[PDB]
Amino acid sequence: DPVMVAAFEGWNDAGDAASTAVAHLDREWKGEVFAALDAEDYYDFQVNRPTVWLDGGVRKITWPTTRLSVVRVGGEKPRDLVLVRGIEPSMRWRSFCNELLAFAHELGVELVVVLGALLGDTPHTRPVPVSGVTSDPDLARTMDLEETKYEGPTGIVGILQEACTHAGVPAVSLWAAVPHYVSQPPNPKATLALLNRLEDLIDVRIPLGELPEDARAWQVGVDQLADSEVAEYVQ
């Protein structure tokens, strides 16, 4: 059955870890685009300024949006994945989510996985925690999803995962916790943590390309910053 894997830039995307995880799937598997949501309905353009680029001689415009593409995995046991690469919208989240659920429906998506990253309290000197959230009582058993204590502000990931369950489409979101003292956008170690966890859930071989090297580089890069509150945040 087809699975939708989504990720959104901005507030639910602590090191761009989640957004680059899906980018990575789209790239490695050469994903074929078939839909972009109409930015006009969702995006404040002063907050999300569109950009101009030059193609041959000519000026062209890129809008913020959420784009849908299909990848064809994988083994002798083949499969379609529906990737959703978006910026978190600034308005009409209920419609936004309905729009994705319509695609999910037309495509017969059987499971929605959403990826995110937040800033947490774990050192770089140690592996990245990934935790799930689901309101599907079935999936809660069917994987080991530890639990959810969380009460507070939520984002489009939270909203989308809830829209799914109200729709009766099984969904789970995976969260990676990124060391808050080192939060700058290139974070290969946490991207990798997400991708590994997704693989166990979906049961799909993911090609990790240059990522395992990148993450090691990052760590033996950060380690050079020698002030050690990481000692404090380990005991």
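Residue indices: 1-based, along the sequence shown.
The entry models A226 and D227 with a gap of 1 to 3 deposited residues left without coordinates. When the two stretches 46-54 and 201-209 are set side by side, the higher mean Cα temperature factor goes to 201-209. Averaged over CA atoms, B-factors in the entry run higher in 136-144 than in the other of 136-144 and 105-113. When the C-alpha B factors of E88, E162, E99, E76 are read from the deposited coordinates, the top value falls at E76. Among the modelled residues of its chain, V182 has a C-alpha B-factor that falls in the highest third according to the deposited record. Looking at the C-alpha B-factors along this chain, the one for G15 belongs to the middle third.
Among the modelled residues of its chain, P123 has a C-alpha B-factor that falls in the highest third, as given in the PDB entry.
Among the modelled residues of the chain, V3 sits in the middle third by CA temperature factor in this PDB entry.
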